[PDB]
């Protein structure tokens, strides 16, 4: 199981990394690209579901095991966001943006399960528009 989680984490990190290493993007574009990778819930839907359960509702049994490597995935996603954000906004704006990024990601993740694809995509676009509004 815990290797199936490391299976999910590593795949996500490598898609995010692929976006993050591109140098021909402004930050807001780089951030848009990252947000859309993180919210693409229909690609590897099982990976995405597993990951969702491992994070939001871990088994109390394995609870301490995957909390540490959930924390690891977080620290790595945070570096990518912070290195992009710190170039275009202040620290106080950066922290607020990151908090909202994760809340929208988590909310969309759940919503993906109860809305059809068309409604989901509209929601996903509202969320990115509001994130973009914070970057000017």
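Residue numbers count along the first chain shown, from 1.
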Problem set entry | Stretch with the greater mean C-alpha B-factor as recorded in the entry, comparing 25 to 33 against 45 to 53 | 45 to 53
Seminar exercise, completed: The stretch carrying the higher mean Cα B factor in the deposited entry, 110 to 118 or 5 to 13, is 5 to 13
For this session: Going by the CA temperature factor in the entry, name the top one among 94, 62, 105, 80.
Result: 62
Exercise. For residue 71, does the deposited CA B-factor place it in the lowest, middle or highest third of the chain?
Worked result: highest
